[PDB]
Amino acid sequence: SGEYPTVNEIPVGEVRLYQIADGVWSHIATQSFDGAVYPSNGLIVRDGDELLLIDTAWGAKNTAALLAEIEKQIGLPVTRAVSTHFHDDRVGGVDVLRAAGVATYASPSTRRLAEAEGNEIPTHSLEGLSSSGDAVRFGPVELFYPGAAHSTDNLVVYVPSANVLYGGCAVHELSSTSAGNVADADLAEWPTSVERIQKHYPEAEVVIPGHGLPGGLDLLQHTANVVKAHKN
């Protein structure tokens, strides 16, 4: 009923959308992994009479449900998708997208890591993102590579029309007390990568983490703090 969706308010197998700004939504879904249940976020950005999708809904059936929820709530076609790193909460569902005619994209780094992991692999490679601080335009967003953080390949996404910063899994929600799933992280580089985000996007009004509740710019410093304490 208008609050940011959580596992307790998303019916089983379902996806919810949340309006972030004009022409910007997040998508929220639930998945189990190693016997625990987690929410995860992605983004939807209106691109004229089409939609750009950022990240899958973490799984094939969740991603099919995402497409249905978009049709119900928005009614514009998803034409392109970008995955912001190689983990299954970002690429799991890419095959569903591709069979629904969505063109799927990721950096070459992400595509290599996904292939090596046995995860689904986006079709198209996003060049121009291989050095930290790199940025490229992609429809109504800017893609930015801040350096290694949650993963070596993680990308962040900025929606300039709305000053929305989608941090993905490099950014944690304010209530978080741990650095999440760090198996592929660089805890030493992570603060430096966050500082790059902070420097590059000082006008961000909304910051969206990969998992949990959106907030403001404070999510960035909070993330650096949680990571530093995990590392120690």
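Don't overthink the numbering: it's just position in the shown sequence, from 1.
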Assert higher mean C-alpha B factor (178 to 186 or 62 to 70, deposited values) equals 178 to 186
Take the C-alpha B-factors listed in the entry for 101 to 109 and for 82 to 90, compute each mean, and give the stretch with the larger one.
-> 101 to 109
Can you tell me which of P122, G75, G128, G147 has the highest Cα temperature factor in the record?
-> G75
Which of these, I208, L217, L17, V24, has its C-alpha atom at the highest B-factor, as the entry lists it?
-> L217
Where the record places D55 (Cα B-factor, split into thirds across the chain) | lowest
According to the PDB entry, is the CA B factor of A135 in the bottom, middle or top third of its chain, that is, lowest, middle or highest?
-> middle
Is the Cα B-factor recorded for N154 in the lowest, middle or highest third of its chain?
-> lowest
Of the three thirds of its chain by CA temperature factor, lowest, middle or highest, which one includes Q198?
-> highest
Within-chain third of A162 by Cα B-factor, per the entry | highest
